[PDB]
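One structure is given below, encoded as structure tokens.
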There are 2 protein chains.
Amino acid sequence: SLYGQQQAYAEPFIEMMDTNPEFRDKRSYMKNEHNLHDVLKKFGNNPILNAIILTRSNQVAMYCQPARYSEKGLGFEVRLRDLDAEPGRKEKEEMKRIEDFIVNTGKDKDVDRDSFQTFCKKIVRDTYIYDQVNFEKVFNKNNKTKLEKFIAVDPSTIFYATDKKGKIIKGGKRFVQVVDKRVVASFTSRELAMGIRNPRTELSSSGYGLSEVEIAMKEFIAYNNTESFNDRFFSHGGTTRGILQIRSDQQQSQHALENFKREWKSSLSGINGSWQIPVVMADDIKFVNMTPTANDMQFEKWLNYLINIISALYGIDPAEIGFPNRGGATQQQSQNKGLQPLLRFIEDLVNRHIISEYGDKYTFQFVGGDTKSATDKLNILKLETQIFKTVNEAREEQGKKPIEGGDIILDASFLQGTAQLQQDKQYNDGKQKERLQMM
Amino acid sequence: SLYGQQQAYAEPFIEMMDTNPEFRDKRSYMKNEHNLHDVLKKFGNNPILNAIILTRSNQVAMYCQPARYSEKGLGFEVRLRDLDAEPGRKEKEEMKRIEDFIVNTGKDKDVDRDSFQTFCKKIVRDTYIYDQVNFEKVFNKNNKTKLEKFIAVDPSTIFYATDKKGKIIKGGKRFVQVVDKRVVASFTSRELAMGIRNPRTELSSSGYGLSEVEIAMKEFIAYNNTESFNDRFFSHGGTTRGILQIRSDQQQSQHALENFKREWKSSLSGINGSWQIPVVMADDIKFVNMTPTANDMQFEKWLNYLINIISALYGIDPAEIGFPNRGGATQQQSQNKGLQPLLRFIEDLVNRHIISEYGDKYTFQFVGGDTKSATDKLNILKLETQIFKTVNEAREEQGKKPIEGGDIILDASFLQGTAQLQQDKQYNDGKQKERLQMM
């Protein structure tokens, strides 16, 4: 049921007793807690995590515009599934309409609704915090077959529904929304998407993704309490430099000490009388140091290590978030592993969920920001054509029609060989005139 | 039986007594524990391991799209087994259908089922944690000969089945699924695949792969308890800076000490009165230090060594996971040893298990991300053609048909020699006219 009809089991044979029959709960890795997103919501406010989220969101936001409206190639585009297939006036108009629909996130403009930029900015946060993304579709009521609007829904409230036997359902309504432990609404598979970026095969998770926050929970709390320890020097006591002991047979009366303080403040306090030296005629005086000569941050390398491993979990370069790399440099490759997989994930999700409603012959893809790869591709072609490939063969290979002029291989020598062969060929073929002349 | 009919023994002659007759258990290397995947599941949650898994999964996810739908060459492709063999309209359509089938992981689209991207992301995790991968096939019920769907199954629940004599079976059902120590279902060899990345020949393992987690178990627990030791400075006591001793003939009453604390807090605590100096008139005062002047992380090099060897076991560069390389640099070659073998393993598995159902004449392979190797190949050809190879010979060599113009060797000098030879040849051959004229 979970994926379809199959011979094997890919779901827990025995249900979790404490869970409600109507749905299957999402739980921690070790089954330590049957309620996970509640504690992940607490870490949702962490600065380091939020810094990563915001950096990735800003990176994605640039790509979130259509290509044909952009003077430069950066953006997204819709095209026919086959690159070699020709376009058409009807299909071009349909693709333009679909692109405008995605840009406006609906059939018609509405200021009250999200632009696709904000939708992606929501999706990245939901992907990197909870590792679960969901968005609702609004099919036309006059015609169930077609689509009108689509918007995002928070993943924390959405669960997998279950049948009376407790097994996850396939047919009909499959996803259910829960608020304050009460069932509110449920959705058909087509009506609500489910994107999992970090899936797992073990029966315990039952298909729910694994979020990096759960993995780094210990590290996150360690970072938090380390920061608290550093800040408690100021927000709490212990900032004394030392104690000035004065030996005496009798402890001086508090009035005398107050007058002592008055004299000290009047003579030495502040910039006024800063450089002056007092004089005291007691038996013996000592100054005992309680703190070192100069203070500084503590456990610096510990923080660097923690943030480095946390960054490595998300695949982001620590240098972007203002920390040193414990190895390597101390950007293209960092971007290649960090951003491009996320863009491809969003691409696949949006494609297979939205474009399925219009037709198989179309697809959605991002474009731009990859000049170097295209440069190397063109260099491959430019080196290949010198010896191997004809101009017309390459042009046909890349979904274009040939140009008259012969299927020439571009080299100034090669042309002279063909020209010389043709010139001498015409000389030899001209001797057939003499051959017939004797007749 | 294990591999086929053979003269030698490649399975334990005497069965393990404590194992159930229905299947052969998978056990540790030293036979210390007869149950292994249970303890490996515990280490499945480790951050370092999960970081490696996620990095490799993100690396693989980029390649997991078809080539002909991608503007750039990165992706996968299906082609005829012989590169020199010509294509055809029928075969091209069949290959396109097969590629779409692999992309959708079934005969028809289904949102409820995994895309091949998520399938690969599952496979890498199962390959690097357990060193065992399995996926079920769903043949058409109306026709057993052909295939409809295929999906992944967790390797922890799957075992090798055994006969009444305890020997592993070849014919019929060979693989069995066990849940909570109960047999649930069993599968034919064609119906369920078995991929082993790190095989062994010793009879003790009986063909089961060896997982790197078992090898690094000691190192993993050492890393865990080292991290716990570092964190217990904050999560547990021992954070005192020192003790302020004040000598007195009598221990002061607790009321006096409380008033002492009140005065101290009122005068010195917090930012308020931070720079002030107290005064005390006791006989003698000391401050004894219990911790050093400045704290920092401990056993740093030990952690670096541990993570370096763990990374070397998996073949991943430590620099990717935010650690320094103890040798070398302190990326192409690291990728070449790390990623490409995994891609080739997935390639071989998918090929020999899926494409076998359609025909021998087809094959599945990845493509792209290897411009430098192709550049060197083209450079080999470009240097060879100057002296050695004709244009038409090379074109024939690479599964293409010749171009009219002669089998020329590309060098501006060589063409002049042929042209000069032909020009003088025609001069000499023209003297046959004079030879016949005298007749």
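Labels used: A, B, ... for chains in the order of the structure tokens, numbers from 1 for residues in each chain, and numbers from 1 for ligands as shown.
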- Message: Using only C-alpha atoms and a distance of at most 7 Å, pull out the residues of chain A that contact chain B, as number ranges by chain.
- Response: A: 3, 6, 8, 10, 81-83, 199-202, 215-216, 222, 234-237, 239-240, 242-248, 251, 290, 292, 298-302, 308-309, 312-313, 315, 325-328, 337, 341, 376, 380, 383-384, 387-388, 413-414, 417-418, 420-421
- Quick one: pick out all helix (DSSP H, G or I) residues within stretch 31-191 of chain A from a backbone DSSP run and write them as a PyMOL selection string. chain A and resi 37-43+47-63+89-104+116-129+155-157
- Of the candidates A:401, A:435, A:96, A:27, which shows the shortest atom-to-atom distance to residue A:159, using only C-alpha atoms?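 Among A:401, A:435, A:96, A:27, it is A:27 that comes nearest to residue A:159.
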- Task: List every residue of stretch 127-318 of chain A that DSSP, applied to the backbone of this structure, assigns to strand (DSSP E), and report them as a PyMOL selection string.
- Result: chain A and resi 132-139+147-153+158-161+173-179+182-188+195-196+242-246+285-289
Dump of C-alpha atoms for the selected residues, as a compact mmCIF listing (two decimals), in the first residue's frame:
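Printed below is selection39.txt as written:
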```
# COMPACT_ATOMS: atom_id res chain seq x y z
CA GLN A 132 9.76 17.41 4.39
CA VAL A 133 7.92 19.66 1.92
CA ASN A 134 4.22 19.79 1.04
CA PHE A 135 2.08 22.05 -1.14
CA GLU A 136 -1.65 21.89 -1.81
CA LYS A 137 -3.25 21.98 -5.25
CA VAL A 138 -6.60 23.61 -6.06
CA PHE A 139 -8.28 21.89 -8.99
CA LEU A 147 -5.68 22.88 -12.12
CA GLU A 148 -6.21 26.46 -10.93
CA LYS A 149 -3.88 27.26 -8.01
CA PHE A 150 -1.19 25.70 -5.85
CA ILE A 151 0.25 26.90 -2.53
CA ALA A 152 2.53 25.67 0.23
CA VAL A 153 1.43 23.98 3.45
CA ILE A 158 0.83 16.76 7.75
CA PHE A 159 1.01 13.01 8.36
CA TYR A 160 0.50 9.75 6.49
CA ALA A 161 -3.06 8.50 6.87
CA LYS A 173 -7.27 10.29 0.53
CA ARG A 174 -3.73 9.50 1.68
CA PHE A 175 -2.39 12.61 3.46
CA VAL A 176 -4.01 14.15 6.55
CA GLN A 177 -3.54 17.47 8.35
CA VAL A 178 -3.51 17.51 12.16
CA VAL A 179 -3.70 20.59 14.40
CA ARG A 182 -7.13 16.84 16.08
CA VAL A 183 -7.80 15.70 12.53
CA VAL A 184 -8.96 18.66 10.44
CA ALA A 185 -8.76 17.68 6.77
CA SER A 186 -7.35 15.03 4.44
CA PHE A 187 -6.20 15.11 0.84
CA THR A 188 -5.89 12.91 -2.23
CA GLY A 195 8.76 15.76 -1.14
CA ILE A 196 11.39 13.80 0.80
CA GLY A 242 41.54 41.05 42.19
CA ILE A 243 41.29 41.85 45.89
CA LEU A 244 43.30 44.52 47.72
CA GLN A 245 44.10 43.21 51.20
CA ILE A 246 45.26 45.56 53.97
CA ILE A 285 49.43 45.38 51.65
CA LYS A 286 48.81 42.67 49.07
CA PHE A 287 46.95 42.40 45.77
CA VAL A 288 45.79 38.88 44.88
CA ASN A 289 44.68 38.24 41.31
```
- Distance in Å - atom CA of residue A:120 versus atom CA of residue A:336: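 Going from atom CA of residue A:120 over to atom CA of residue A:336, I get 18.9 Å.
Nearest residue to residue A:397 among A:360, A:84, A:38, A:249 is A:84, counting only C-alpha atoms.
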